[PDB]
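Chemist: requesting a structural model of the entry that follows:
(chains A, B, C, D, E, F and G, ligands or ions: 8)
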Amino acid sequence: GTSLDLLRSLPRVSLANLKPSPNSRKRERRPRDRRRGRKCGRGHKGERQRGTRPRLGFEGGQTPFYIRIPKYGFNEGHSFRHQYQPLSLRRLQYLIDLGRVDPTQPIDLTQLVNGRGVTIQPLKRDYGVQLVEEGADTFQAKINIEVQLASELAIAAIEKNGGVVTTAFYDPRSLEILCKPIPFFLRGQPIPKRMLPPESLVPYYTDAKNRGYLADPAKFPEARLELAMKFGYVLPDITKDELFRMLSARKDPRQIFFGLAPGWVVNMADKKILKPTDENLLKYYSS
Amino acid sequence: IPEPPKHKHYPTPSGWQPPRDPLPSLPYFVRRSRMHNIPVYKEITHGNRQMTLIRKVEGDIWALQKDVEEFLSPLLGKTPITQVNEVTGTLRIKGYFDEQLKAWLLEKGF
Amino acid sequence: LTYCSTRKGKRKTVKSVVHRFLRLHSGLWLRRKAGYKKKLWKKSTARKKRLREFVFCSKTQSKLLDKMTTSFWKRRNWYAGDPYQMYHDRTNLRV
Amino acid sequence: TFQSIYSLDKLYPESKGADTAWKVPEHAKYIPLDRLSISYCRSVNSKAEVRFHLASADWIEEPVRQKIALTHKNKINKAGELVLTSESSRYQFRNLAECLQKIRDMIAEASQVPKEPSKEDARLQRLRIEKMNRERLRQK
Amino acid sequence: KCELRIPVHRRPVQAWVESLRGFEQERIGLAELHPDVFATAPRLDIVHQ
RNA sequence: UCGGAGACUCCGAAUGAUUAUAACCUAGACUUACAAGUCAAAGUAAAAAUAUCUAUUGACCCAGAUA
RNA sequence: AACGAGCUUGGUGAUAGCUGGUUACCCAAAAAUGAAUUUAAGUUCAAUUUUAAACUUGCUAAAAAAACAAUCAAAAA
Ligand SMILES: [Mg+2]
Ligand SMILES: [Mg+2]
Ligand SMILES: [Mg+2]
Ligand SMILES: [Mg+2]
Ligand SMILES: [Mg+2]
Ligand SMILES: [Mg+2]
Ligand SMILES: [Mg+2]
Ligand SMILES: [Mg+2]
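Modeler: Numbering: from 1, shown residues only, chains lettered A, B, ... in the order given. Ligands and ions are numbered 1, 2, ... in the order given. For reference, the structure is listed below:
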């Protein structure tokens, strides 16, 4: 270009000609001149000038401000609280629009992370992704999304457009493998079973209205219809829809990945899957 | 980053619209980000200096400044204060005009 | 304050703060009123009402606590059902 | 299709059908959305409005339609179509839910007889005094 | 010619293919170099960095 | 240490009596290094609105108590 | 060869709110009042000061009228 044309005329670029970007660096002030020498910015003789003033929060000897306020349990149990990285429907639709999520295939935490739709940190107590009601109106997509937590209104958007929404619990060990599958296969260890939710979460994931994976299949129809009446839409017939098998697809409660059973081993180098023939191990894994 | 899939009807429900075809004939071209979005960002410094910056500008940046100055002057009632970073190829505008500029750039087809 | 710890070489959080104050992601700090559990039999009803409340911190106090706590205590926490969900952001503030 | 001990088939043997969950209930109970006309207007947030003609509201029982009209005649438009709107959220779904529910309440309150009105509030008490004062005033 | 897809608006740069085999074999072919590699904006701070 | 009076000289206090018993919640303010201490509409709730003067202080930690 | 408790090495670069010192030029702006503190040879906060940024009224003056030469302050300039 025109700017590129100027470079042609100018002398050859070399190691001598190198220059830092304007104002990128600062002058480092040293103590050798009158303004910055002598007392060297430390004032007169005293404790702060000897370099030995007290610690932070020390207010001269009176009871400090931070120690004189009652202890309260704002942050108690913080390290064991459950975190769900929320997902809104604007982000979901936006991701589907740009081809970073495949709506035709079933959706799960692995395919959200693969398309960089969501960022998950298992080490920071993340237990999955919670769907959020923001963006329901703009949502006009039919997709089978699995998310650990769901909401009433978020369910309506998925169902109204003719989609399947399910909620499943992944324990801390299961979640790490789900977000990051490949390395687990590199470790060489067999795939583990997925533990059931602890007592606190048992009511939620067994509840029909929450679309829990362990919930009774028979009660789903009624729960969907009641929600359909509430939000003023007519239930679509998924069975008639051509992709009924895909939408209806649901992984086993003890499965981390749809198509892989617990106890198998994946050999990427040889492009093979190894399954144990031992009866004892099969008993344990089948459980 | 997958190339966005072709859609029958634009804009998509989210709001995304691909670059217009044929390309604009203006001297300056504003390229899209690797995520296929218009490179217009709200920025802030010191906690109260609100600015909006166009980043992937190409060609004669000066023409873009003149066009933006005319576009934003009637709304504010004054010529906006702007900086042109020729080396970085960016245009900086005081205040937040992300929504207005995004649509304005969309019409031109950049 | 431990500015550089021997084993790791990092700054150390003061746990006297973690057990008294709550930080909202915007930068505000919450605290209780000293004495809200003390000698309630001689305090007036209006006096007791004030004590039960949660109070904010000043710019100086907020600046101090930010020096005595590490970045881990300044992150975003996505707790489901959090009763402080709405208070982590500032809205309609021009300043 | 790997099936664990906790597979939904074993847990709920009766409902082993693959399409049992994904089938649509028979129903036949209910607000006919097709009969109603729903228009969403953004007043920078949504506002829902439902306008269904009472005369053409065959789904509503005819005797109750008479009672609902007069009781809430103010909400009835000049054309005779009940007009009800709500604006309390940014999501048209939740705003629409309010519109539909008010119809159900109106039908339920009309169908049911509130035998006990019990006492009145200060506002009604003042109105009653005003009416009584007027009646005595019109001696002629 | 470029194996990858050049942006439509950009025009590929070109170079004179040469052969070291002969003293006078200065030019034997033509090449098309991807603009986003061989025509990026001139910035000497990155070279400095 | 606190407060009353005088313009430093005097008086009191770590409050008692009277109390047919005095809720919750919440705009705006006083005072003030911080901490503490003051007044209060609206809304709501008991009942058929303010306890009565004179004035009255003690943080955090940590131990006690109860359903 | 200076014992109110030997000397040598090590801990040890003991610690010192105390005394002393702290190395080129140039331009510019620039103050010992209130509170608490085993506090008054110290430190922390307020107030002041300063570098940057945001946007809009600020200083002197300020009639009448209040509360009584001040506390307050409206058009103006
Ligand atoms: Mg240095
Ligand atoms: Mg002391
Ligand atoms: Mg995260
Ligand atoms: Mg205070
Ligand atoms: Mg009131
Ligand atoms: Mg002074
Ligand atoms: Mg002392
Ligand atoms: Mg001292």
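
Chemist: phi and psi next, for whatever residue of chain E ends up closest to chain D.
Modeler: Here chain E gets closest to chain D at one residue, residue E:9, 36.1 Å apart by C-beta to the nearest C-beta. For every residue, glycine as well, the C-beta is placed using N, CA and C. Here the main-chain torsion angles of residue E:9 (degrees, to the nearest 10) amount to phi -60, psi -40.

Chemist: just the helices in chain D please.
Modeler: Ranges of helices within chain D are D:8-11, D:62-71, D:92-111, D:122-137, based on DSSP state H.

Chemist: show me how far the third one is from its chain's centre.
Modeler: Taking C-alpha atoms, centre = their mean, to the nearest Å, one finds helix D:92-111 lying 2 Å from the centre of the chain it belongs to.

Chemist: is stretch C:44-56 positioned near RNA strand G?
Modeler: No: remark: stretch C:44-56 sits outside contact range of RNA strand G, by C-beta under 7 Å from any atom of the strand, the gap being at least 14.5 Å.

Chemist: got the end-to-end distance for stretch A:135-143?
Modeler: End-to-end distance of stretch A:135-143 (C-alpha to C-alpha, to the nearest Å): 15 Å.

Chemist: in JSON lines, list the helices of chain D along with distance to chain E and mean neighbour count.
Modeler: Formatted as JSON lines, those follow (distance: least, C-beta to the nearest C-beta, whole Å; neighbours: other C-beta atoms under 10 Å in any protein chain shown):
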{"stretch": "helix D:8-11", "distance to chain E": "48", "mean neighbour count": "15"}
{"stretch": "helix D:62-71", "distance to chain E": "64", "mean neighbour count": "14"}
{"stretch": "helix D:92-111", "distance to chain E": "40", "mean neighbour count": "17"}
{"stretch": "helix D:122-137", "distance to chain E": "71", "mean neighbour count": "9"}
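
Chemist: tell me how far the residue of chain E closest to chain D lies from residue B:48.
Modeler: For residue E:9, the distance to residue B:48 equals 38 Å [C-beta to C-beta, to the nearest Å].

Chemist: then residue D:88?
Modeler: 34 Å.

Chemist: what of residue A:90?
Modeler: Distance, residue A:90 to residue B:48, by C-beta to C-beta: 29 Å.

Chemist: the more surrounded of those two?
Modeler: residue A:90 (18 against 8; other C-beta atoms under 10 Å in any protein chain shown).

Chemist: give the contact list for that one.
Modeler: By C-beta atoms under 8 Å, 6 or more residues apart in numbering or on different chains, the contact set of residue A:90 is A:134-135, A:138, B:14.

Chemist: count residues in the vicinity of residue A:35, would you?
Modeler: Considering only other C-beta under 10 Å, residue A:35 is surrounded by 8 other residues.

Chemist: what secondary structure does it sit in?
Modeler: The local conformation at residue A:35, judged by DSSP: H, G, I helix; E, B strand; the rest coil, is helix.

Chemist: and what of residue B:70?
Modeler: Per three-state DSSP, residue B:70 ends up helix.

Chemist: how many other residues sit next to residue 46?
Modeler: In the absence of a named chain, chain A is used. Neighbours of residue A:46 (other C-beta under 10 Å): 10.

Chemist: the chain in question should be chain D.
Modeler: 18.

Chemist: where's it relative to chain A, distance?
Modeler: As judged by C-beta to the nearest C-beta, to the nearest Å, residue D:46 and chain A stand 7 Å apart.

Chemist: how far away is that residue from residue A:151?
Modeler: Remark: distance between residue D:46 and residue A:151 (C-beta to C-beta) = 18 Å.

Chemist: hang on, the earlier thing: now distance to residue A:125 too, for the helices of chain D, in TSV please.
Modeler: Listed next are the helices of chain D as TSV, based on distance: least, C-beta to C-beta, whole Å:
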stretch	distance to residue A:125
helix D:8-11	29
helix D:62-71	53
helix D:92-111	31
helix D:122-137	53
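
Chemist: I'd say residue B:104 and residue B:71 touch.
Modeler: Yes: assessed by C-beta atoms under 8 Å, residue B:104 is found in contact with residue B:71 at 5.8 Å.

Chemist: within range of RNA strand F, give me the residues from chain E.
Modeler: Residues of chain E lying near RNA strand F (C-beta under 7 Å from any atom of the strand): none found.

Chemist: look through chain E and state the residue closest to chain C.
Modeler: Relative to chain C, the nearest point of chain E is residue E:49 (27.0 Å; C-beta to the nearest C-beta).

Chemist: re earlier: check the burial of the residue of chain E closest to chain D by counting its neighbours.
Modeler: Residue E:9: 14 neighbours (other C-beta under 10 Å).

Chemist: how close does it sit to residue B:110?
Modeler: For residue E:9, the distance to residue B:110 equals 10 Å [C-beta to C-beta].

Chemist: shared neighbours of these two, anything?
Modeler: residue B:29.

Chemist: any idea how far RNA strand F is from the residue of chain B at minimum distance from chain D?
Modeler: At 11.6 Å from chain D, residue B:99 is the closest residue in chain B, using C-beta to the nearest C-beta. Distance, residue B:99 to RNA strand F, by C-beta to the nearest atom of the strand, to the nearest Å: 31 Å.

Chemist: ok, residue A:117 next?
Modeler: For residue A:117, the distance to RNA strand F equals 38 Å [C-beta to the nearest atom of the strand].

Chemist: find the nearest non-adjacent residue to that residue, please.
Modeler: residue A:95 (4.6 Å; C-beta to C-beta, 6 or more residues apart in numbering or on different chains).

Chemist: which helix or strand contains that neighbour?
Modeler: Residue A:95 belongs to helix A:89-97 when assigned by DSSP states H and E.

Chemist: give the buried residues for the helix or strand following that helix.
Modeler: Once the chain leaves helix A:89-97, the next helix or strand it forms, by DSSP H and E, is helix A:109-114. Buried residues in helix A:109-114, counted by 16 or more other C-beta atoms under 10 Å in any protein chain shown: A:109-113.

Chemist: check which helices and strands helix A:109-114 sits against.
Modeler: helix A:172-179 (3 or more C-beta pairs under 8 Å, 6 or more residues apart in numbering or on different chains; DSSP states H and E).

Chemist: ok, now which residue in chain B is the farthest from the centroid?
Modeler: residue B:8 (25.3 Å; C-alpha atoms, centre = their mean).

Chemist: all strands for the chain, in order.
Modeler: I'll assume chain A. Taking DSSP state E as the test, the strands found in chain A are A:83-84, A:126-128, A:145-146, A:165-166, A:265-267, A:272-274.

Chemist: wait, I meant chain B there
Modeler: Going by DSSP E, chain B shows strands at B:29-30, B:40-45, B:49-54, B:57-58, B:82-85, B:90-94.

Chemist: residues from chain E in reach of chain B?
Modeler: E:7-9, E:41, E:43, E:45 (C-beta under 8 Å from any C-beta of the partner chain).

Chemist: out of those, who's nearest chain A?
Modeler: Distance ranking of those against chain A, using C-beta to the nearest C-beta, places residue E:45 first at 3.7 Å.

Chemist: and that closest one, what does it touch?
Modeler: Here residue E:45 is in contact with A:19-21, A:24, B:87 (C-beta under 8 Å, 6+ apart).
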